[PDB]
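Peer 1: Experimental structure below, sequence on top.
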Amino acid sequence: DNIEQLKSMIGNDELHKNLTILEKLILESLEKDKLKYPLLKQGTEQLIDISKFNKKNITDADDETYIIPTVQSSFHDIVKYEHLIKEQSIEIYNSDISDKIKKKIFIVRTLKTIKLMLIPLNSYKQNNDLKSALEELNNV
């Protein structure tokens, strides 16, 4: 049935739960890292919105504070965060660490995909309307 096949993509609770688990895992792996790029002193307020992010402090030196996404960050926040990740990775690049930069980039792309997949599911969970969920995906 066409309706029960569309509900699998934009109205599934199991897909919702699993996507949330993976998002939590990726964020918790981004915070407890070893290499900690993008940090402040760029635009970072007119450039990126700090009200949706989460700042932490670097130890062993009081250089600056680096940025971390949150569960409430939207899609374009993650777009800009990926821009900053890529700039900071291109800056400090050695062949010794060239295998952690790649992991960082891959999991940030995965976050960017998970947010877009979660838009229509979050729209449907509290409205129960398929056309409105698709139109919300199209809108933002």
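Peer 2: Noted; the coordinates are in hand. Residues are numbered from 1 along each chain as shown.
Peer 1: contacting residues around residue 44?
Peer 2: Applying Cβ atoms under 8 Å, 6 or more residues apart in numbering, we find residue 44 in contact with 50, 67. Placement of C-beta: from N, CA and C, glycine included.
Peer 1: Where does it sit: helix, strand or coil?
Peer 2: Judged by DSSP: H, G, I helix; E, B strand; the rest coil, the three-state class of residue 44 is coil.
Peer 1: What helix or strand is residue 56 located in?
Peer 2: Per DSSP states H and E: residue 56 is located in strand 54-57.
Peer 1: Could I have the CA atoms of the very next helix or strand once past that strand written out in CSV?
Peer 2: For strand 54-57, the succeeding helix or strand toward the C-terminus, using DSSP H and E, is strand 65-68. Extracted in CSV, the C-alpha atoms of strand 65-68 (Å, rounded to 0.1, in the frame of the first residue of the first chain):
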residue,chain,number,x,y,z
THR,A,65,37.9,27.6,23.4
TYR,A,66,36.6,25.3,20.6
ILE,A,67,33.1,24.8,19.3
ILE,A,68,30.9,21.7,19.4
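Peer 1: Touching strand 65-68 from outside, list them.
Peer 2: With contacts defined as Cβ under 8 Å, 6+ apart, strand 65-68 is touched by 27, 30-31, 36-40, 44, 48, 50, 53-58, 81, 84.
Peer 1: Then stretch 3-23?
Peer 2: Stretch 3-23 has contacts (Cβ under 8 Å, 6+ apart) with 71, 110-111, 114, 117-118, 120-121, 123-125, 130, 133-134, 137.
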